[PDB]
Amino acid sequence: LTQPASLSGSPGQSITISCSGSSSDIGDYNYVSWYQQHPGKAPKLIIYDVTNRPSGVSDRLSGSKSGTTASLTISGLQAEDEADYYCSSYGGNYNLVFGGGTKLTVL
Amino acid sequence: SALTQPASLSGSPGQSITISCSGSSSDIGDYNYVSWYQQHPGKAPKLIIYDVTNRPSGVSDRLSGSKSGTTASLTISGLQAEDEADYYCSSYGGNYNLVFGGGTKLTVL
Amino acid sequence: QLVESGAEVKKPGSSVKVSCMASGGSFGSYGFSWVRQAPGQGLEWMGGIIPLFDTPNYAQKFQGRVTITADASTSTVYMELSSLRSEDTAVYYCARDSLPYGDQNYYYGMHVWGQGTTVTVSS
Amino acid sequence: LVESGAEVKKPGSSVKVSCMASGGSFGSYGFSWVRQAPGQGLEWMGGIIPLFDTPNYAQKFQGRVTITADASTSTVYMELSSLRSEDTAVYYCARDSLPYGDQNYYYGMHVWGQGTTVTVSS
Amino acid sequence: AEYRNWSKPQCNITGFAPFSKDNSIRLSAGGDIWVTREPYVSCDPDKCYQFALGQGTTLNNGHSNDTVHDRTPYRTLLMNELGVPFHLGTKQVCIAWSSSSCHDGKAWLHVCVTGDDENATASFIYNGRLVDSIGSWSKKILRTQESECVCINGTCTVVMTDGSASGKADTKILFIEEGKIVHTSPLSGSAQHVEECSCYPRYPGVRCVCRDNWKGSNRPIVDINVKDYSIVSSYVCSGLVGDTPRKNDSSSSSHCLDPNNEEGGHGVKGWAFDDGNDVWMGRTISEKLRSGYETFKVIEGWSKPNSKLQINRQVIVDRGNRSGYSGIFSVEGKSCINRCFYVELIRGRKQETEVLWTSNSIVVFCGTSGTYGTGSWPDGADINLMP
Amino acid sequence: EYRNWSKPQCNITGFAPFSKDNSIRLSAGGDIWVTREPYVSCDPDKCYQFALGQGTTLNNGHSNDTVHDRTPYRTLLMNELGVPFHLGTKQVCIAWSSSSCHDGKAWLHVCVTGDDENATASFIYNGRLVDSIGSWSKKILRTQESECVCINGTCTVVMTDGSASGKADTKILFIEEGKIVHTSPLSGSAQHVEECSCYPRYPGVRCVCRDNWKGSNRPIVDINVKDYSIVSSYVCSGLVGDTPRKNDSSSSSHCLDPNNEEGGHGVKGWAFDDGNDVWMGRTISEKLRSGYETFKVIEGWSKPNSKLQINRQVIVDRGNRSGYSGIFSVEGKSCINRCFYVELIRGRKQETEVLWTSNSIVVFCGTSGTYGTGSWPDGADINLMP
Amino acid sequence: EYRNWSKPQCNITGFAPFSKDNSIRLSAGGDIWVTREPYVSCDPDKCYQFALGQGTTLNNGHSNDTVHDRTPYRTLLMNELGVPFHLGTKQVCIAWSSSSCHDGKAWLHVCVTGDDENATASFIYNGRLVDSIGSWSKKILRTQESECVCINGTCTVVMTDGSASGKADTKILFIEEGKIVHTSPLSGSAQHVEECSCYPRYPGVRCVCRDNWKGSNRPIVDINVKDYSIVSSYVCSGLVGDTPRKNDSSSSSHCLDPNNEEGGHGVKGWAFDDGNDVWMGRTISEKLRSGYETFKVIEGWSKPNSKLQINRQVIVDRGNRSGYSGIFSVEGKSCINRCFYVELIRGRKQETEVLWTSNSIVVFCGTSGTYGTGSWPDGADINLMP
Amino acid sequence: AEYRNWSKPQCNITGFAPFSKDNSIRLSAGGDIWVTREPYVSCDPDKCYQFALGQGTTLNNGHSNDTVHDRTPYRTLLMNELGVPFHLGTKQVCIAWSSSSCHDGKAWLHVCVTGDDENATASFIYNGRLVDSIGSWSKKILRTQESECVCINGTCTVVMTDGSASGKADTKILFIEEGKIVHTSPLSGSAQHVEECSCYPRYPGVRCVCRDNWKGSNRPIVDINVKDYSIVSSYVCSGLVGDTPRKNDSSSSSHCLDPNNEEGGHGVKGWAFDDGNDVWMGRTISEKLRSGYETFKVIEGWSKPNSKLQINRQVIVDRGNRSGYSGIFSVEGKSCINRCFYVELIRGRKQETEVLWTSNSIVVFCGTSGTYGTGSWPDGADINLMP
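These protein sequences, in sequence, are chains E, R, A, W, F, L, V and X. Those letters in the first sequence? Residues 1 to 107, per the numbering used here, in order. Those letters in the second sequence? Residues 1001 to 1109, per the numbering used here, in order. Those letters in the third sequence? Residues 2001 to 2123, per the numbering used here, in order. Those letters in the fourth sequence? Residues 3001 to 3122, per the numbering used here, in order. Those letters in the fifth sequence? Residues 4001 to 4387, per the numbering used here, in order. Those letters in the sixth sequence? Residues 5001 to 5386, per the numbering used here, in order. Those letters in the seventh sequence? Residues 6001 to 6386, per the numbering used here, in order. Those letters in the eighth sequence? Residues 7001 to 7387, per the numbering used here, in order.
What follows is the structure, given as structure tokens:
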């Protein structure tokens, strides 16, 4: 999967991170997960099953899919949202494929 | 034609205007299938009332329909500038035949 | 959405064909109607057809002049008006019911309207 | 949730990482292993369901990684032989929040471990 | 154990007496009742069963919105004992927006039409298993009686129509033994539009009174010979016509050879049968709407063309109350065949706009040789108290 | 196959609890029919409960103004005894008055419906309509509102047509397999007969009815089904059984005439003979239908005005409402046993906290053994009901 | 034809899941009866579940204060096994204590109602009331709240009248076709016999009961139906089965006398004999009715104070509520199989977030084959219910 | 009153006709309907019955949350007449997260697996009583056909599996007479993963078409000889594979012997049967999701390896609607056995997040020797109108 190398945004606005892939990747299956990793800490799941969201995760995070590109939308960009963001998908035969990681930076 | 209507009507912005449409027994009367259409100059007719009282979605609630004996009435409450148009009444005369009425020209002042 | 043919000029005594196609979904059980409006005059109901049954109905004043045909696969209705006279100059609309044919829906309800075609018959 | 300590290894050796899940019985759940090189992204080594004892591996990790499990203790072990120089990374153990089922066959990654760093050196 | 022959005389009918009522709409405001239309009663040799064309939803439900449609993929045929309302424990015997059920004395035969209008499938199900199927032969809309079929000596006759409701339509009579079509016969005679027949056994054959939707305000009669597989057709000679869109009693006419061309463009299912030269006939009170229902007997209405002598009138449903489809069914007695009729009571939209659904109740009457009285049995549900 | 009831009558020392239907309690959290005037009739296998249920449930909006008893939407409801009247019940016929019986082969239902001026009584046998009769006096054509009695395939029904405050035409219909074969006018000393409870006393039928004109004592109609002969009298008890009655000190009966003692109305009741004694169930209250007791009067079927009472059982306590009561016979292995049903009316005209009017049943059966004491009311809190 | 139960007992290596009724889970979004004390009795064709309903549904206003167990509105509910107790069930009799039997021809129901001081036990056979008895000690007349056995048309029901913390008169009643043909006082060394679980052991009946006065080691009553003889003892196995008991180390049971070992209250349980070994069921907890396990004690029917345990199955987990338990026999092709039902009580006096007290059942059957492990609690979220 | 032999030939099948539908999800928005998954249809000699694995809760309930789990102690087997929805009066015959059932002509046999995933118990209920029980032999999730088994002459063939769903698993065939396991037979042949078989009688033996969850998109075939107790195995030779994860029609392949290793991965329960040399099969229209369902006959698909010639295509469920499991069953006719199939329609979570529950409806079709038409029979429940 392909992800932007880095993104930047202002406090209080909304940002969107894209994750593109082939048909065997995001586009045929609705199993797209988004993970958030602060520096020096383990990855934390913030989105699973494209749109669904675990309990204890802020409602500001909203996952979405359209065609062969998944999108994570962060509305109300706060300073605790500065972390690496990873997208993962089901490859098709008991295999998971990851992205590259987006270095979100608030200003 | 088979259904009679006022030739023209006038009204002030804010009041309510009732347009009548009278006919015989085979016309408006039995077979309560009465439709009202609205036509602005240069455009196709638009259905605003079907089945005497029912109103399609997307039509303003200010337009209402009613029936009494052998006549039908279209009540426009709260006239505005966009209600200046030609209004037509149609009915089902039986044996797969629809009968129109000569339209009325509603003009607001 | 009902697409219609283009405006055509004609000579008296000729024959004109107007076509209206519903894009929508599949409308064969629905009832289509043809309405004539003379310039400045009112609306008159020429007739109607259910494309699935292919049995048209006509007004008493139009029986013998208007032929209404249909294609149910394309849901396209056709109106042929022959022996064009002076007072056939008008705008022709095609309307269609919002509900399919049924026991409680047998009259030709006219809910969705086409844009209309003008036919000019003079020379 | 708990992993083994950081291990210092020489190139050509073999390392064994462990991950024990506590809080109930997780034999029917799916445990996966994720690699993160310092400064790089996340790579999915492979997964296992401890009940079935049939691991799945990625295309690039087949022939190098061996994943074993004990379903009674709900513990998953990862053995990485032929410790090449670029095998230095942080290794994470993750577990699905849902058990195996018809609608849950993909290896979900919901509950994450704390990590374990292995360093191929000299 | 043995087949039904109906080889008994038709006993004396001086009128009709109340038999059954299903207060479905009244019970449905505080209960779980199906949304149904087009019911009919068919009786096995032990008891009687009510059938309905459901809409795949209950009335206190969100899926009751826009139930006025007649041909829907979720429609199923609901079977119950006569008197038991259509609750959540009913049986859906087949998928159909048009159905016809009968009992030959051994098992049940269900004819069920479903699918697309341009290409529909009629499934013939016998003894709980699918035995046959046909498709449309004219590709317009495939319809059946929407009432009970008649089985004599194991051969069941179903009238199936395909074509325009405002024009010529191909109408066929299918002869089926144990779920398998053994014969088909094109309609022959003077009838020009046959739809929704009500059929009763008149030994050795079957007599059906049907609905004309093209040019006839009077009812066509189809006589079916089940041994020669032959069909003849005519109309009812009673001047008092029995179709809902009709002229008044003074201007109505029926010479029983051609449609009267008065206001025949629609109709109801209707029913009629013959007692000697006289005709017992049930129609609606209103001449333009489906409100009210009376039954009466016209003297020499099956033999003399344009007969308007009326005796023995009963008001089944008053003018101020809605009605609907009405059909016939025959019950074997100790020594005679007794005629009975069911009447639909339509409550819902296109007349009553205070609700969004469209359902029915059923009232069932049976003939009697004894004395009866007068009464009134409408649906009787307050539409302002309904969901 | 036919029932003859040729066996003797069982030794009866009292009555024991048999069945209860908590219809009013269940209808606050379920879909239960609104019913009134029920009865119990037993086929050779089991027993069935019947109710004149109006076309509505209790949690419905159509439960308003239920107090009317002659409504075109009223239908007769069948169920197994013990099964509440839920949405899966069978409406066997249209009736605001009905009478059901089993001859050992099939069921006979007499169902009256229509207008008060002109009413139709249909006779449904084996699931089909066989005969119909109309009103002969053009008043309200009524019926037993209990079970009929069939002996050797001949079923006896009692139908009254006329005034409830004056002379009325009461007839006895003898029906074989749904067809009326004989009609017999009431003959004897009884002057008002209504809502009879009938039991087979071989070779004939004995009915104890309700007098609504001048009698607080109950009429007795003896019916001979061989020659179709009718005789009538009154109960010789003295402890009269009608709900509107005088106290035990002032009540009287003399086997011939109505006593003219507060007999302007009545309730449906029952009484049967055990030789010279009479087993009888009445309401505890002397003016309202609250409470229900049963007892045995010594020399009550033979000696006029015998106020000797033994074996009193309190079926429903006096602080709880009651209603109609009726008898039905069950064939044992040696003898015929008698059983009685009691209506428990809950609803309007006495309880204005609700708007409907419905009932429950409590069914007791006779026993040759011992028993105890208790009370079995409807027991539904009217403040928790819709 | 009558049932003789004259086949050898099946080989039992354990028990396997057979049925579950998710009544409490279903009652949150449905109309389900509020029930307690169920049992399963099998006719030759199928099996039926019986309950003592409180005359109300769970989503109802009458579910308040349901913890009472002796109410005039309690009725015996029959259903096919697996069918929940919905509004279409049959109330066969009025009872706050009941016992059902099938003799091969029809059903027999012993149903007790009335007041505590004066109670009536009605014996109903083939759908009709055949007999009735009263209290002989004028205390709460109780019965086995389970099935009992009919051999060759003779049915043995154990009834108890008296104190639940002292000496009580226990009588075994022999009934033929609904008629009490004999009665027999309890004889033996058992000092307090309450509701029992009875199974055929040809030619007689063996019952394992509960002791509510001074014992926790499940007294045994052996009944000889031919000469109407009663003998009594206790279970020799040291691993006692009553819910109020001490730990396995300090528990004791000699099969002559009650152990005087936290006698107190009790629960309905079951144990049966396989040779010299005993297959028994008890609750996991020792003071509360939480959890349920079944096990086989070697030499537990012959050797006094035997604490050798094999083949333990956890039917209901320790953290889940349990209740009454009982036995019933199913006739196979060549051997009689033992099956047991377990009550799962959910409601008040332990869970105070609701107001009602209702239950479910889990039914297991013996098998000669291999099984596995599991746990089948009620599993209803008490925060998600009325 | 005797055993079933299935000693009659097979019907001439030109396609399939609509037989039954259960509008469970539509009825559950305003009714008391069980939440179910994995149904099937088994027919006794008189009628047909529908079976489901209920979750011990109704849809309009608080316990419908997190229903997506497949193995809970509250799952039961629900038995009803075909057409009757799963309401509060349904019978729960056993505790099972996986179940199978046939009728041997005398009584019903139900195989029911419950317990733990580590240690599971399979109970065998015959004639309303428990007769035998088996435990897990590989200490994995012990599963079963989740459809009917074939009941030939008192001998019952149930295919159970125990092992990994992504590796080698021990699959056994149990032969049971009157509830008692009389024989056990390990799977033998070229099939490498067998799960959730759809079995039909092919006299004198049994033919099962199952799913492959490990390196296979073509369906395995298991042929069972009930006299010798012998098992052989192969793969469907039809080229157009029938597992819901699969490659497109151009790149699909299916040779007779080995799994094709073409998007093996997951699978769906399906069916296929033989027509001498042709194969009648049904598969989901979508190639990655269980959306839509079509049935077709492939010429020389049971004999010629990788034959992609398709005739007689029907669209049971359109592509824009959610399908699910599917399975075959057999109905004994007057002269020859007919083949019918049920299709699961899954509505609920993991695809539709507007609700919390997961339930199903069922649509049943039967084979016909006559004409049929086109149509569409989805569940048709508005997910925005549901609790």
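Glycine included, C-beta positions come from ideal geometry on N, C-alpha and C.
Between the CA atoms of residue j and residue i - distance to the nearest angstrom
| i | j | result |
| --- | --- | --- |
| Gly91(E) | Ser7024(X) | 34 Å |
| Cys6339(V) | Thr7358(X) | 34 Å |
| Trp3112(W) | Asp3096(W) | 9 Å |
| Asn5311(L) | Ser5197(L) | 22 Å |
| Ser4123(F) | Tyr2106(A) | 27 Å |
| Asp6103(V) | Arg4290(F) | 60 Å |
| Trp6107(V) | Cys6155(V) | 11 Å |
Spatial neighbours of residue i in its chain, beta-carbon cut-off 8 Å, leaving aside the 5 residues before and after
| i | result |
| --- | --- |
| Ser3022(W) | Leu3001, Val3002 and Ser3074 |
| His6182(V) | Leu6173, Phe6174 and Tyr6228 |
Contacts around residue i, its chain only, beta-carbon distance under 7 Å, and the 5 residues preceding and following it disregarded
| i | result |
| --- | --- |
| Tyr7293(X) | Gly7282, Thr7284, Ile7285, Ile7316, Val7317, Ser7323, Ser7326 and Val7343 |
| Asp4278(F) | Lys4297, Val4298, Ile4299, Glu4300, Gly4301 and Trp4302 |
| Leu1047(R) | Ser1035, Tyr1037 and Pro1056 |
Nonlocal neighbours in the same chain, by C-beta distance under 6 Å from residue i, ignoring five residues either side
| i | result |
| --- | --- |
| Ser1077(R) | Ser1016 and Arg1062 |
Within chain X, the residues that residue i reaches when beta carbons sit closer than 7 Å
| i | result |
| --- | --- |
| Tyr6371(V) | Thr7121, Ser7133 and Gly7135 |
For residue i: DSSP bridge partner residues
| i | result |
| --- | --- |
| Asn5079(L) | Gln5049(L) |
| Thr5113(L) | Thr5120(L) |
| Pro4204(F) | Its beta-bridge partners do not exist; DSSP assigns none. |
Chain-ordered chain V contacts of residue i [CB-CB under 7 Å]
| i | result |
| --- | --- |
| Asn7060(X) | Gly6029 |
Contact list for residue i against chain L, beta-carbon separation under 8 Å
| i | result |
| --- | --- |
| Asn4023(F) | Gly5055, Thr5056, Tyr5073, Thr5075 and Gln5091 |
Contact belief for residue i with residue j at Cβ below 8 Å, rounded distance in angstroms
| i | j | result |
| --- | --- | --- |
| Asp4170(F) | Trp4214(F) | Incorrect: roughly 13 Å between the Cβ atoms, too far for contact. |
| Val6130(V) | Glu6177(V) | 7 Å |
Contact list for residue i against chain L, beta-carbon separation under 7 Å
| i | result |
| --- | --- |
| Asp6115(V) | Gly5372, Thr5373 and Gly5374 |
Contacts of residue i in chain W (Cβ-Cβ under 9 Å)
| i | result |
| --- | --- |
| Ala70(E) | Going along chain W, no residue has its Cβ under 9 Å from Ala70(E), so there is no contact; the nearest lies around 15 Å. |
8 Å Cβ cut-off: residues of chain W touching residue i
| i | result |
| --- | --- |
| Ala42(E) | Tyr3092, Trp3112, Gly3113, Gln3114 and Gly3115 |
Under 8 Å by beta carbon: chain X residues contacting residue i
| i | result |
| --- | --- |
| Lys6046(V) | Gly7128 |
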